[PDB]
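The chain below stands alone and is given as structure tokens, in the form deposited in one PDB entry.
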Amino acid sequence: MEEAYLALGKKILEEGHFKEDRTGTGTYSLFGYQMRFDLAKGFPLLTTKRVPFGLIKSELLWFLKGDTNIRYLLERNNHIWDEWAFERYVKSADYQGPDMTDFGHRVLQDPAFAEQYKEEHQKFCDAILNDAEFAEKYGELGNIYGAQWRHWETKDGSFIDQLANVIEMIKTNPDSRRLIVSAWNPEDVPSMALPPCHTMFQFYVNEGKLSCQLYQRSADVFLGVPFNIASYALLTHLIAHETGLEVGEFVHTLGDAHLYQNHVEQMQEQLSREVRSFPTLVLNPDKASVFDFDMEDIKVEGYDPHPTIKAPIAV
């Protein structure tokens, strides 16, 4: 239920202590929490603010195809992963523009700086889309989600298709208590742009229904959790479709649950608004595998949220 996500934000505002963080922004933080969404009551795309479903769709199809380079995302006008690739490029020996140290805070404080950032980010997006060599080197985020889900590398010259394996297991061993996918690969963590926020997840079958639990080590509550929720709920529906099952519950478990301190006014404005009905998900019935779905095969119908509430991403 949406009220479950809104009660987490209110608990952080009330009693989550201040914790300095890697980004330099500052957060209010709790440790250890659990929410549940019954997917039979509606698709959990939040209605108390507008959440863009097409960016959640394109990000998950990107994961599912095993891709860890942002060119696919830019082709679909999805810029949610741009920051970390831009930071990689401004730190390299090839960047020749104005200094971009600490650009993620500087843009909020200094209009002259903000215009130079906007200029350099444009030139970056154009180069990824138009120069294949530039994209191959500077679009690359390392072995994040797509690579661990489809291509966990072995010590003997091969790779494990972890996500296709677990879908198969659901079909022939549905009571198995080892239906797990992990993106936590210790050997690859240091070279990933960021280590996986949404860390490992497990499926469960009973009485013809599929359920999924996620363990999320680090949750940005205002900007990232509404995307996370909707992404794992879509993944659970696609798998249920291929395996011929009905949908059960998504259980979301958090580690460090944090509100960044420059999202507090946004959270308070969200908390003032009346919840509406969740929308319904519609999937193309003639697609058989999760891997065959494309953008036009997936939609939400009946979505009528309250207005967008903008907030800055912590880099």
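Numbering starts at 1 and runs along the sequence shown. Superpose the two forms; the largest set of C-alphas matching within 1.5 Å is the rigid core. Only residues modelled in both forms are compared.
Absent from the display: the form deposited in another entry. The rest refers to it.
No residue in 204, 89, 222, 149 other than 89 shows a CA shift of 2 angstroms or more between the shown form and the other one after fitting the rigid core. With the core superposed, residue 125 shows a C-alpha displacement of at least 2 Å between the shown form and the other one. A movement of the C-alpha atom of residue 58 falling short of 2 angstroms is seen between the shown form and the other one when the two forms are aligned on their rigid core.
Relative to the superposed core, residue 297 undergoes a C-alpha shift smaller than 2 Å between the shown form and the other one.
Shifted stretches between the shown form and the other one, defined as 3+ consecutive common residues each with a CA displacement of 2 angstroms or more after rigid core fitting, are listed in sequence order as 20 to 24, 67 to 75, 79 to 95, 116 to 142, 190 to 193.
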